[PDB]
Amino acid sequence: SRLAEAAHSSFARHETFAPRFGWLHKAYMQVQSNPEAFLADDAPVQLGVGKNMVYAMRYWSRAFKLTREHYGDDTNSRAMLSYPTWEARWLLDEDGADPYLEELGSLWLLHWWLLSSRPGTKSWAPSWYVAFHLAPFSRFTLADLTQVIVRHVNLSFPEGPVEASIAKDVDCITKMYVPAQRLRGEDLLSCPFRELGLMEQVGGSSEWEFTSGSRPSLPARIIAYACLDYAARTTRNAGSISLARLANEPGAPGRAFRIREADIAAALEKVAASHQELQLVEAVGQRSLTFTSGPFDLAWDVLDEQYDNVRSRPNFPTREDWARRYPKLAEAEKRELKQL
């Protein structure tokens, strides 16, 4: 049951809103000192948005792995408070990697986090997971893709599908990834994920399709990071992962970024040239990415290099500093791990 393994049962919690940059920015800025930022009586005024948008803002930060949620202490009746993740501190802080999402690679990174699943940290976007990793066809009507998601939810989640919520997810997917000109042609909002060029309307009319050209906006280091991060799901030590798996396995970068094996190989070779610990090797006649120590730390060496080594900046907190500052992050991870 691939979907249940990969994702939480979360549908239409974006309240029909696609991501906005100002939402990601303002959520981080507020949640850092205030775990009650989204629950507060005057959250709408404090965050500068309407009531349903507070909800959508809270959801998007959880979905992009920028916050985790956990029970409050008892003064707080165990309300679901939000805490920023170390990754949010790394990416979005004013002294971080890319606080204004100036580089297209940072949007590819957020897209990877949205789809990402690991033991203890499942995806909050099962409809996105299905669309990219599990769906049978690259071209579909919105009703076709709604139906495909409904069918997986039937198989994966006991409470089962709420069709109207899944159809809302499919609307939201299209608003997130397709150019604005194709959206029912004030009213229209920006969405920076359209820059990824992942989805197009078929000349809706009434079909949509995921694209398949080359991806010049996707940096080699982002691909290499995602490959090592994927290998890290299952291994903590030196080892290897086949290019075939990286290209084709549901959940991996080939299907997440919609890129072919040859493109993954090209990126890995480019990056391995800069990292002694990384190689692309042949063993008749299949290529593999090799790493001489645990792939998660190496993924982060590669990723941090892309952004000129944010971790070495004055007063940048380590993952362990951050865990002591926000102990409920590990408690939330542990709560998920208990379910498995």
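We number the residues from 1 along the sequence you see.
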Going by the PDB record, how many residues of the deposited sequence fall between residue 203 and residue 204 without any coordinates: none, 1 to 3, 4 to 9, or 10 or more?
1 to 3
Between residue 185 and residue 186, what class does the number of missing deposited residues fall in: none, 1 to 3, 4 to 9, or 10 or more?
4 to 9
111-119 versus 189-197: which one carries the higher mean Cα B factor per the record?
111-119
Mind pulling up the entry and telling me whether 158-166 or 97-105 has the higher mean Cα temperature factor?
158-166
Reading the B-factor column of the entry, which of 215, 255, 151, 236 has the highest value at its C-alpha atom?
236
Check where residue 140 lands among this chain's C-alpha B-factors and tell me if it's the lowest, middle or highest third.
middle
Cα B factor band for residue 74 (lowest, middle or highest third within the chain):
highest
Residue 207: which third of its chain by C-alpha temperature factor?
highest
When the deposited Cα B-factors of this chain's modelled residues are ordered and cut into thirds, is residue 80 in the lowest, the middle or the highest one?
highest
Can you work out whether the C-alpha temperature factor of residue 310 puts it in the lowest, middle or highest third of the chain?
lowest
